[PDB]
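Counting neighbours? That spans all protein chains shown, and the Cβs are built from the backbone with ideal geometry, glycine included. Each value in this text was obtained by applying a stated rule to the coordinates, not by laboratory testing.
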Amino acid sequence: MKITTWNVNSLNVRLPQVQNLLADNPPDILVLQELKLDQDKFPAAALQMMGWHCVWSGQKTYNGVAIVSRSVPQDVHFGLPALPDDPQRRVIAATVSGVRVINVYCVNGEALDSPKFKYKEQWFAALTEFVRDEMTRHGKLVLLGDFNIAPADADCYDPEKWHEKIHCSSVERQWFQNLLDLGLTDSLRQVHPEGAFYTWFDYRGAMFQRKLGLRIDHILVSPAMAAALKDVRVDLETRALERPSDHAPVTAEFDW
Ligand SMILES: O=P([O-])(O)O
Ligand SMILES: [Mg+2]
Ligand code: NA
Ligand code: NA
């Protein structure tokens, strides 16, 4: 089984690339963040007509998350029970081929002194509660997406420049640890304990061409999935395309 997560930085813009990714060596499940499309503007026909089932949660301009799979997604769930009236479209879950898939587009946070950083804190607390509950029922569970958190200094290029800055702060790293502490494994680091595996590269300054990025897109797995884990890779071919998303897809492959 292959599961890919990709922050597409607008699905309107990236649709042809999503289509090309589904057409050649496709994953079994592709989850998307930053649709940036209202619910009724999601290109459902374009993907469905390719033989893919889609569930999604969109809003105008911002955010937006989708799950795309050749299996029909079951028991679809939207949002966070502990933050039930947040209008921001950031969490969608569904059971796909017996695996509980929770797709997140986590709060960026902006800056440690931004009011959006307090939002980030409360939002992560709410996510932890939902994930903890979901894990009591599904032995095969995958929590994946753009976490907007770089777990350790190997995940932030030039770590001295990012010392207690957004994405790379000690407190953000604690929020990421709180998810692992539920009984989940950072899949990429199980397979590749050492080395840079950046998933986001700023468009400004040609950072992708300079190899300078953050590892903020992750695939967190329950033990039953960890035991079956074969590889985790960052799809830099897709990031190297003309007019790319600033994030690269990340794929985990499971082998039983
Ligand atoms: O969705 P924002 O406008 O609060 O960033
Ligand atoms: Mg973006
Ligand atoms: Na933004
Ligand atoms: Na790669």
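A few notes on this one:
- Debye-sum result for region 164-255 in log10 I(q)/I(0), which assumes one identical scatterer on each alpha carbon, at q = 0.22 Å⁻¹: -1.16
- Neighbourhood net charge (15 Å Cβ-Cβ; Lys/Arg +1, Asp/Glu -1) for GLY58: +2
- Residues with amide H under 5 Å from that of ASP231, placed H, sequence gap 5 or more: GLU253
- For the chain, the residue among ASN7, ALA150, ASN108 whose Cα projects farthest onto the positive side of the dipole built from Cβ charges is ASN7.
- Cα gyration tensor category, rounded, prolate or oblate, for region 95-146 with a/c compared to 1.5: prolate
- Per-peptide packing, taken as the mean over residues of other Cβ atoms within 10 Å, places 31-43, 127-139 in the sequence 31-43, 127-139 from highest down.
- Annotation for region 146-232: GluC sites (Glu not before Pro) lying in DSSP loop with at most 15 further Cβ atoms inside 10 Å of their Cβ are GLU164, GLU194.
- Gyration tensor (alpha-carbon) shape descriptor, the chain, a/c threshold 1.5: rounded
- Computed per residue of the chain from DSSP H runs no shorter than four, each worth -39500 (n - 2.57), the mean residue ellipticity at 222 nm is -7000 deg cm²/dmol.
- Rounded to whole Hz, the Karplus (6.51, -1.76, 1.60) HN-Hα couplings of region 251-256, x for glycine and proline: 10, 10, 10, 10, 9, 10
- Span from the region 200-229 Cα centroid across to the region 1-58 one, whole angstrom: 19
- Across the chain: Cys residues that no other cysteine approaches within a C-beta distance under 4.7 Å: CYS54, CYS106
- Length released on extending from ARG204 to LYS116, taking residue separation times 0.36 nm less the Cα-Cα span: 29.4 nm
- Neighbour counts of other Cβ atoms within 10 Å put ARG100, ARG210, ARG90 in the fewest-to-most order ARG210, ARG100, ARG90.
- Among the listed pairs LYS2/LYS211; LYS2/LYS60; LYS118/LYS161; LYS36/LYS165, those with a Cα-Cα distance over 28 Å are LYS2/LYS60.
- Whole-Hz ³J(HN,Hα) from phi, Karplus 6.51 cos²θ - 1.76 cosθ + 1.60, for region 14-29, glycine and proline x: 8, 3, x, 5, 4, 4, 5, 5, 7, 7, 10, 6, x, x, 6, 9
- Mean Cα-pair separation over length for the chain, i.e. relative contact order, pairs under 8 Å, 6 or more apart, %: 18
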